[PDB]
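Only one chain comes next, encoded as structure tokens, the form deposited without the named molecule.
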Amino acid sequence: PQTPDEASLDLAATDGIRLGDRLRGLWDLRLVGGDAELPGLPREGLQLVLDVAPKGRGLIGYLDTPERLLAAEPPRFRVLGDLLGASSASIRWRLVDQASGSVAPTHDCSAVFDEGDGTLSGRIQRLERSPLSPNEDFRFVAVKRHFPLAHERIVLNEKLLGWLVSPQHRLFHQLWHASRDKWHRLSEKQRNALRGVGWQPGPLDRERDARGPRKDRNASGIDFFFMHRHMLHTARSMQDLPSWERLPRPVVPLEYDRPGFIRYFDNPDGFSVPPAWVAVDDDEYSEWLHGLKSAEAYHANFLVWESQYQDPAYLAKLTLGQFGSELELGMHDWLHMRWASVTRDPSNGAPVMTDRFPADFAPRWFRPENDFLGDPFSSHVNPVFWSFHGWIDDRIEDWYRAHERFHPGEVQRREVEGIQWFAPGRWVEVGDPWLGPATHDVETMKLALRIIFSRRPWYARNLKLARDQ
């Protein structure tokens, strides 16, 4: 056999990427064995921090006490390895003695990954010791620290929380979305049935489908913006819910800000991106969710949306309906899934792979534990829901200021349903935003939802991969 004549760009494949995702994060480390000890370190209460670039194949990290990993001084031990030929069955890396003034490795580490979000267990070898000596007893078990959920870091008081998780509010939110999004694909038999219970989207016999051919010019976007502004108004009367001023930036890689990287995985402000998960027998959705949560998706899509929707020249070209429709079909769904964490069983919160069936109204799904962002039946319960929906709502004023600049006086402010809104005109197609039957009963909403429905999350049903993906 002949060796390679040159090198090529060796970006990680799916297996290597997923492996790096399993390793990336903060681990609670424990050393076991008669010879299990590291110079100037205790045996228990240690931590291991690992990182791998989104498509990288090298492995970096540090090993020390929790306090020294967050300290500014270089940690005692540094991790250097690579994932060539690696897998859940074999991960290797060396430790570097950063206090010896030398980068030469002092230990050889090998581990196996088992599925608390994961476990690494293996052996450590002192490189100064000869392999011809009796096998040394130097083991370690590292447990990956739980990635804190949004509700574990942003607490919603009982009054607000009681209003969000109530069966009345959950079904309203789901049916309000379901009626808009499905109307264009419902038969008139289904339409007349929803009309019979007053749950048609918009004025009767003049309904405003949100995802049909004329979705951008039928004023459906106005129902989108207003309903959430109405939700923000009532929700903010029960608790201070500040909007995002800017979109959260992706995690800083470990090589440039070690404490910030470590702090990110504690989700301190609840605005961290939950790491993507792998869906059972659905690589298309797993790839889509992964990219949507990636850093390059922030720089390619989210950062663009943040720019466009604060650009007067860009907003002044859109009616309030065009703006709402454009933002809902693109940014809105992606916001939910970027910050979505895995669906948890409502009764105890254990991670579950399956998503709730839309017409499944078992009493457990209504528990406060279910705040899954991928389903409007529960997304409003997540604290992050209000942060980026406040951000969206604030962009309406950028839209108003955009037109006051290029079309002064053509858009008029006006109070609608006790909410700061705008009067109909050249840039406001309608003056009757749809808030459900109130503007145009639990068991009734269930019957309506059953008419519409009677496997991926709701906000992932329209997922589309790029040609390059």
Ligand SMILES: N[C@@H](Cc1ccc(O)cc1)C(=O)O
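A residue's number is simply how far along the shown sequence it sits, counting from 1.
The protein also exists as the form deposited with the named molecule bound; that form is not presented, and the subsequent description refers to it.
- Clashes are found between the named molecule, overlaid from its position in the deposited complex, and the backbone or C-beta atoms here, as 3 or more atoms lie within 2.4 Å; the site counts as blocked.
- With a 4.5 Å cutoff on heavy atoms, residue 373 counts as touching the named molecule in the deposited complex.
- Using a 4.5 angstroms limit between non-hydrogen atoms, residue 209 is distant from the named molecule in the deposited complex.
- In the deposited complex, the named molecule lies farther than 4.5 Å from every heavy atom of residue 220.
- In the deposited complex, none of the heavy atoms of residue 179 sits within 4.5 Å of a heavy atom of the named molecule.
- Distance criterion of 4.5 Å from any heavy atom to the named molecule in the deposited complex singles out 332 from the list 229, 332, 290, 76.
- Exactly one listed residue, out of 173, 258, 94, 367, brings a non-hydrogen atom to within 4.5 Å of the named molecule in the deposited complex: 173.
- Only one listed stretch (193-201, 333-341, 317-325, 144-152) carries heavy atoms within 4.5 Å of the named molecule in the deposited complex, and that stretch is 333-341.
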